[PDB]
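Engineer: Can you keep this structure in mind? I'll have questions shortly.
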Amino acid sequence: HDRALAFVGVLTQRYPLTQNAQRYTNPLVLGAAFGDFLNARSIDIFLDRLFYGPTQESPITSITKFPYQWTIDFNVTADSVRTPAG
Amino acid sequence: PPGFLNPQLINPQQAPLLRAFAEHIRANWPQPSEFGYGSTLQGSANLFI
């Protein structure tokens, strides 16, 4: 309950709700970002790419726009993403 | 590089400095010009220009 509320505060300090309620979150990015957060690891890199337009691409292809090692546990190539299973 | 050809291919939030640098180059690199010389009373010797 502590971590959940804190994570909400971060998500809302950026992206004010009234301007972003309609946007769709990328489940992959959301899962990775949340997992790092309660692992007491910084998550700033993920917040820039929390959303995606489902009518224009998949949650995968939305990520492959940035083909490089985002972080030590989240590595994405031009065609694929590697991460530990939750 | 295509990104150099079109700086819009570089995400600002992800690579700010590179995007700015490309736009700076594309905006401030000087424009070439031309001017005459010599005398019309003589041959030109120019090939392309």
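Cβ coordinates were reconstructed from backbone atoms using ideal geometry, including for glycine residues, and neighbour counts include every protein chain displayed. Read the figures in this text as sums done on the coordinates, not as results from a lab.
Engineer: Among A:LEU5, A:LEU50, which comes first, second and so on when ranked by fewest other beta-carbon atoms within 10 Å?
Structural biologist: Result, fewest neighbours first: A:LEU5, A:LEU50.
Engineer: Also, I was wondering about something else. If you find the alpha carbon centre of chain B and of the range A:8-86, how far apart are they in angstrom?
Structural biologist: First find each Cα centre; the distance between them is then 38 Å.
Engineer: Per residue of B:7-17, how many C-beta atoms from partner chains lie within 10 Å of its own C-beta, taken as a mean?
Structural biologist: Numbers: counts 0, 0, 0, 0, 4, 0, 3, 6, 1, 0, 0.
Average per residue, whole number: 1.
Engineer: Then there is this: Hey, fewest Cβ within 10 Å first, where do A:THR77, A:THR18 land in order?
Structural biologist: Listing A:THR77, A:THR18 from fewest to most nearby Cβ atoms yields A:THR18, A:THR77.
Engineer: Quick one: what does P(r) look like for chain A with 10 Å bins over all Cα pairs, in whole %?
Structural biologist: 15, 50, 31, 4
Engineer: Still on this model: How high is the FRET efficiency from B:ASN46 to A:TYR68, r the C-beta distance, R0 41 Å, rounded to 0.05? Kindly include the intermediate steps, with their values, before the conclusion.
Structural biologist: On the way: r = 50 Å, r/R0 = 1.22.
For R0 = 41 Å, the calculated efficiency reads 0.25.
Engineer: Given 10 Å bins starting at zero, what is the percent of C-alpha pairs of chain B in each, up to the one with the largest pair distance?
Structural biologist: The distribution over chain B is 20, 30, 13, 16, 15, 5, 0, given as percents.
Engineer: Here's another thing I want to ask about it. Do you know the relative contact order of chain A, to the nearest whole percent, from alpha carbon pairs under 8 angstrom that are 6+ apart?
Structural biologist: Relative contact order comes out at 20 percent.
Engineer: Can you sort A:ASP2, A:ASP48 so the residue with the fewest Cβ neighbours within 10 Å comes first?
Structural biologist: A:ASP2, A:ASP48
Engineer: A follow-up question, please. Return the calculated 222 nm mean residue ellipticity for the protein assembly as shown, to the nearest 500 deg cm²/dmol, obtained by summing -39500 (n - 2.57) across DSSP H runs with n ≥ 4 and dividing by the residue count.
Structural biologist: -9500 deg cm²/dmol
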